[PDB]
Amino acid sequence: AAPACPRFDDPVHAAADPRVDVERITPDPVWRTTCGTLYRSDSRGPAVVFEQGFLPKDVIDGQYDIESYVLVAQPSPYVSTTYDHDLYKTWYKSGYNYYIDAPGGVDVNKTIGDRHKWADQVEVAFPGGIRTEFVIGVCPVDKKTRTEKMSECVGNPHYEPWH
């Protein structure tokens with residue numbers, strides 16, 4: 001039987017940009033307390049992501065309201081991930097399925113409900129993004145079949161297991 005997950009005191013321990021202001025998050029965030037693998041579709045290549053982590057577009061002046069950010073894709077302090085390994089299949093054009101093992105994140109559907117138009121994305125929004133140490137690796141995606149090119153997956157040399 002699997003054990004329970006470590007719980008960090010800092011809700012944005014994972015942040016690649018610690019300037020994120022947690023008190024500006026609206027509505028009141030429901031933080032993810034599980035620690036399973038999460039995923040992110042991204043067209044940016046692993047040489048970049050493994051060096052930088054996932055940095056958010058705008059931690060200072062971006063859109064801190066999660067419902068707004070989910071509905072209308074504005075520069076924000078958040079990096080979006082999903083609980084769903086297979087969500088990459090519904091992404092048009094996104095070259096890679098990144099694998100993430102990071103503490104925390106805001107559980108979108110627990111925070112804004114599961115009846116909004118994108119509830120099927122089962123999103124976890126990371127305020128301040130995600131340091132490279134929490135990015136496990138990546139698999140490229142074959143666009144025409146919407147499948148992972150599993151012999152071309154790559155592990156992140158900077159990944160640091162923590163549980």
# chains A, B, ... in the order shown; residues from 1 in each chain; ligands from 1
call {"tool": "residues_around", "arguments": {"residues": "residue 43 in chain A", "least_positions_apart": "3", "cutoff": "9 Å", "atoms": "only C-alpha atoms", "output": "PDB file with C-alpha atoms, in the first residue's frame"}}
result
ATOM      1  CA  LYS A  93       0.574  21.215 -32.047  1.00  0.00           C
ATOM      2  CA  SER A  94       2.306  20.847 -28.647  1.00  0.00           C
ATOM      3  CA  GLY A  95       5.512  18.979 -29.248  1.00  0.00           C
ATOM      4  CA  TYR A  96       6.177  17.407 -25.829  1.00  0.00           C
ATOM      5  CA  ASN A  97       4.496  15.759 -22.831  1.00  0.00           C
TER       6      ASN A  97
END
call {"tool": "residues_around", "arguments": {"residues": "residue 16 in chain A", "least_positions_apart": "6", "cutoff": "12 Å", "atoms": "only C-alpha atoms", "output": "PyMOL selection string"}}
result
chain A and resi 49-57+59+77-79+102+126-135
call {"tool": "residues_around", "arguments": {"residues": "range 143-155 of chain A", "least_positions_apart": "6", "cutoff": "7 Å", "atoms": "only C-alpha atoms", "output": "PyMOL selection string"}}
result
chain A and resi 89+93+136-137
call {"tool": "select_by_dssp", "arguments": {"residues": "range 3-145 of chain A", "states": "strand (DSSP E or B)", "output": "VMD selection string"}}
result
chain A and resid 26 31 38 to 42 54 65 78 to 82 96 to 100 106 to 107 123 to 127 130 135 to 142
call {"tool": "write_last_selection", "arguments": {"atoms": "C-alpha atoms", "output": "PDB file, in the first residue's frame"}}
result
ATOM      1  CA  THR A  26      -8.014  34.486  -6.047  1.00  0.00           C
ATOM      2  CA  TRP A  31      -3.764  23.419  -2.619  1.00  0.00           C
ATOM      3  CA  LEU A  38       1.662  15.554 -13.178  1.00  0.00           C
ATOM      4  CA  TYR A  39       2.010  16.457 -16.844  1.00  0.00           C
ATOM      5  CA  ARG A  40       2.416  19.486 -19.040  1.00  0.00           C
ATOM      6  CA  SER A  41       2.038  19.821 -22.783  1.00  0.00           C
ATOM      7  CA  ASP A  42       4.552  22.359 -24.028  1.00  0.00           C
ATOM      8  CA  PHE A  54       8.924  26.154 -16.082  1.00  0.00           C
ATOM      9  CA  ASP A  65      -7.447  35.218 -10.651  1.00  0.00           C
ATOM     10  CA  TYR A  78       0.861  30.332 -13.056  1.00  0.00           C
ATOM     11  CA  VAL A  79       2.289  27.388 -14.933  1.00  0.00           C
ATOM     12  CA  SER A  80      -0.489  24.953 -15.826  1.00  0.00           C
ATOM     13  CA  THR A  81      -0.146  21.201 -15.405  1.00  0.00           C
ATOM     14  CA  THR A  82      -2.634  18.324 -15.412  1.00  0.00           C
ATOM     15  CA  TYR A  96       6.177  17.407 -25.829  1.00  0.00           C
ATOM     16  CA  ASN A  97       4.496  15.759 -22.831  1.00  0.00           C
ATOM     17  CA  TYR A  98       6.530  16.763 -19.742  1.00  0.00           C
ATOM     18  CA  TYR A  99       6.460  14.625 -16.599  1.00  0.00           C
ATOM     19  CA  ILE A 100       6.481  16.537 -13.287  1.00  0.00           C
ATOM     20  CA  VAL A 106      -3.413  24.997  -6.838  1.00  0.00           C
ATOM     21  CA  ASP A 107      -6.005  22.350  -7.698  1.00  0.00           C
ATOM     22  CA  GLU A 123      -5.542  21.269 -14.022  1.00  0.00           C
ATOM     23  CA  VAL A 124      -3.058  22.080 -11.284  1.00  0.00           C
ATOM     24  CA  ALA A 125      -1.773  25.644 -11.498  1.00  0.00           C
ATOM     25  CA  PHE A 126       1.698  26.272 -10.068  1.00  0.00           C
ATOM     26  CA  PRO A 127       2.110  29.859  -8.802  1.00  0.00           C
ATOM     27  CA  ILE A 130       8.191  24.874 -11.286  1.00  0.00           C
ATOM     28  CA  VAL A 135      10.682  18.146 -13.753  1.00  0.00           C
ATOM     29  CA  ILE A 136      11.178  14.392 -14.163  1.00  0.00           C
ATOM     30  CA  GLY A 137      11.614  14.303 -17.915  1.00  0.00           C
ATOM     31  CA  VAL A 138       9.740  14.439 -21.184  1.00  0.00           C
ATOM     32  CA  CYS A 139       8.391  12.394 -24.063  1.00  0.00           C
ATOM     33  CA  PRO A 140       8.039  13.924 -27.537  1.00  0.00           C
ATOM     34  CA  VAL A 141       4.623  13.579 -29.165  1.00  0.00           C
ATOM     35  CA  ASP A 142       3.908  12.275 -32.663  1.00  0.00           C
TER      36      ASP A 142
END
call {"tool": "atom_distance", "arguments": {"atom1": "CA of residue 103 in chain A", "atom2": "CA of residue 163 in chain A"}}
result
9.9 Å
call {"tool": "select_by_dssp", "arguments": {"residues": "range 109-154 of chain A", "states": "helix (DSSP H, G or I)", "output": "PyMOL selection string"}}
result
chain A and resi 109-112+119-121+132-134+150-152
call {"tool": "atom_distance", "arguments": {"atom1": "CA of residue 76 in chain A", "atom2": "CA of residue 61 in chain A"}}
result
7.6 Å
